[PDB]
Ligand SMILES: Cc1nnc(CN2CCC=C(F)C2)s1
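Presented below, as structure tokens, is a lone chain in the form deposited without the ligand.
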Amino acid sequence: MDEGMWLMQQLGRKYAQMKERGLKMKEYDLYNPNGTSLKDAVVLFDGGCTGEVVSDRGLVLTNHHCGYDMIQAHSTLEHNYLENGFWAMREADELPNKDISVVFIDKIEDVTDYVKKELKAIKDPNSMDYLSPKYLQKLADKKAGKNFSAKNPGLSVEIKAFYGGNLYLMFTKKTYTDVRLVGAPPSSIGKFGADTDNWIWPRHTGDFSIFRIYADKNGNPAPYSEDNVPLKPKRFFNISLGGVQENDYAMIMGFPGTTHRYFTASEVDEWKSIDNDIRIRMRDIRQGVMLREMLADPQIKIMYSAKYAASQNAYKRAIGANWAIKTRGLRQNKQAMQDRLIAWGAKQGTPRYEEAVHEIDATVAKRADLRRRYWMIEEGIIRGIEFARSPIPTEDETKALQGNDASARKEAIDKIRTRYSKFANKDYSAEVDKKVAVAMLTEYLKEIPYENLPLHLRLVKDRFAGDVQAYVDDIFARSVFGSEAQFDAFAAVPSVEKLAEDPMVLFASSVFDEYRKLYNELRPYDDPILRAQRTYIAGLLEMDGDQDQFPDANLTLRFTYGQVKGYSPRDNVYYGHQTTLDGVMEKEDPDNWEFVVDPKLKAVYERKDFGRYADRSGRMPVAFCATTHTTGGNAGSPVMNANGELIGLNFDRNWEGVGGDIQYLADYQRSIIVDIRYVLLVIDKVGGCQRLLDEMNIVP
């Protein structure tokens, strides 16, 4: 009944506990190392999402935001699938995609002993090859064979490290690249929440999209070709219309990206007081200035809408993270965890575990000021100031303009012009960039002393007498990239000396020199920490056991289980476990592009045309939440019944659960799942694509 991201190898140790939570299905029907199981119906979608096979003709279900770029690619102004939706009424009408892939995890094997054996060919006791993917791939190819490439078309092999390098798994992957768009709801449904309901529970978003795997006649992976035939999968999920109740058993298979549950207390402090605090501070200034300019000018708004929203993402994540640190007591539990290992190690008579923790603590404290300057210049200038990424003449661009007689002279200018036009594009505003720069630079100059500044920015004190505005003004005034006309003047009569002394080029070069210097000075602190973490985790595994703890996520297939349950976000407030179509209508706002409601959906609601998709009360469910443990990567993970029947599609996590990447939050962290009944409702009543329903296997 533990909450984590468990390896498929751990199903045996957890199976009895899962039955106690309500699992009524048989273990090897879920995962079988030596046979067909439900795992075979789960896929890694396009490298970053999760998907699931739903029919015996290769039908694949994933999120709408996962298939977003592909729907957009097949969308034109006249025939807009991104806003109207797409529904191929026959298999021939399904749209092929380029740069798309789907990956089955066919076989998983423990190769810890094999890897460790190959590692005792020691060159250096503190070599980092045990975490090197390049090195592990060589070990992977060695065990698989010389040209496993040709002997098994469509199959590839990979070795990954777990538990800081104390466990190694080999994966046999099956990769299909002919995956075509089948079905998609309108943006008003799949993206109903948009950005204001992002990371928010309750939620009413029909976040899904439908695809199909194609292959050759035998079902072997093949690139796009009109002679390809829909894949007949080894296994596919059954659809359940039985729905969910409060406290119902729920489980999830998917590919969680990254977690850091084995952070020391000092690493939590570092994450809070340096990484998050600087990011929050610098971005609040940047977004503040940016917001002000967007409201005052509707044209600035359409240009900086994406940049603003993008900056907000990691900003909100850092806010939620620090909230978890302060109120959930994440630092204290890590501190209790390592203290418990130290006390255990002392009793055992092995001091190496305490020594490893001390090694980490001392290293974190040592690099604090360097890491501070790094994040300050990364958040402040590198990310915060647009003209920091202004064009910088390469070495061979300089030589070609300098004493170089050939008129490749001109070719170098064309390359520079291209980079300038991308910098000063249709969304770029110098006036807005200037105001942002002045605010960001003022804060940066406040926090960073003269001796540690990049070698420009010193001129604010030496040349501009502390006037940041005049410093920024002088840059755009006398530069080549200051405006279109100033660049054309340079392009007409180009000289290496004019670029060498260019105020903006000097800035961009100076801030990037310092950026790389701090980076090179911080990097040798990583290896001693990693080696100590290997010892640390090894001790934790030996002490607490290998059953009631799980390795950090690493884009590897994991399973998680829990119950359908709401939670209390704050005093006197409780969020329930299931949202309804009623909630969609309550949020309807014609003037807001986010909360626009599709006409067909509202008609279905008002006519109560829900068929067999509604519950007993007669209400139409939209989404529900569960106590399962998920993170980025579980984007489109299948949510299963007690009998392994598909009951929903995971698509998000509430913002309170962002601390879950460090420590699972039982009373606050919730997986946000769209009800499969609502999915089938959209397909039936909105899409009208009946062929997809007949294709699926639906249980009572």
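Residues carry their position along the shown sequence, with the first being 1.
Here the subject shifts to the form solved in complex with the ligand, a form of this protein not shown in this document.
Visitor: Using heavy atoms only and a 4.5 Å cut-off, determine which of 200, 438, 518, 392 is in contact with the ligand in the entry with it bound.
Guide: Checking each option against the ligand in the entry with it bound, the one that comes within 4.5 Å is 200.
Visitor: Though the ligand is not shown, can you say which of 88, 319, 131, 139 has a heavy atom within 4.5 Å of it in the entry with it bound?
Guide: Comparing distances to the ligand in the entry with it bound, the residue within 4.5 Å is 319.
Visitor: From the candidate stretches 311 to 319, 115 to 123, 140 to 148, 350 to 358, select the single one in contact with the ligand in the entry with it bound, where contact means a heavy atom within 4.5 Å.
Guide: That would be stretch 311 to 319.
Visitor: In the entry with it bound, does residue 655 come within 4.5 Å of the ligand, counting heavy atoms only?
Guide: Residue 655: yes, in contact with the ligand in the entry with it bound.
Visitor: Should residue 196 be classed as touching the ligand in the entry with it bound when contacts are defined as heavy atoms within 4.5 Å?
Guide: Although the ligand is absent here, residue 196 would touch it in the entry with it bound, with heavy atoms inside 4.5 Å.
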